[PDB]
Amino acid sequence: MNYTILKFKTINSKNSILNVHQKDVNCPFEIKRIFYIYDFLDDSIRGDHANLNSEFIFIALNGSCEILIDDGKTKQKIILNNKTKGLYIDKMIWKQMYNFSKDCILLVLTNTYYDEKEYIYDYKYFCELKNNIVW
């Protein structure tokens, strides 16, 4: 599956630490949209979809969570809990996020404007799209 764990370069100066993201700097794509997710309750789950076009980098900026990614062929669990690590996934990877700490802040970077129409919410279709050897 087309995922990587990225290790960010930081700039340690002025008694603090700076992490930069842009095309070719701790990010393989061109950024167009950012969002962050916070104030999680005990059984919060996010995701349950794949996206046709958007690539993602997920970064836990505070606290931590889990993510299960799935390409139709294999699955992986990933822990995010570190400001110098990110999970990069290509488009057409199903994901769910859960087991959020109380204090988790999740930052997501993507290369597309939000488009409800690029979403795949039906898992069987997703798996047909990833595996069906006719097409």
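All residue numbers are counted from 1 along the displayed sequence.
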field: Selected stretch [higher average CA B-factor]: 92-100 or 41-49
entry: 41-49
message: Tell me which stretch has the larger mean Cα B-factor in this entry, 104-112 or 74-82.
response: 74-82
- line: In terms of its chain's C-alpha B-factors, the third that includes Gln22 is the lowest
- request: Compare the C-alpha B factor of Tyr123 with those of the other modelled residues in its chain, then answer lowest, middle or highest third.
  value: highest
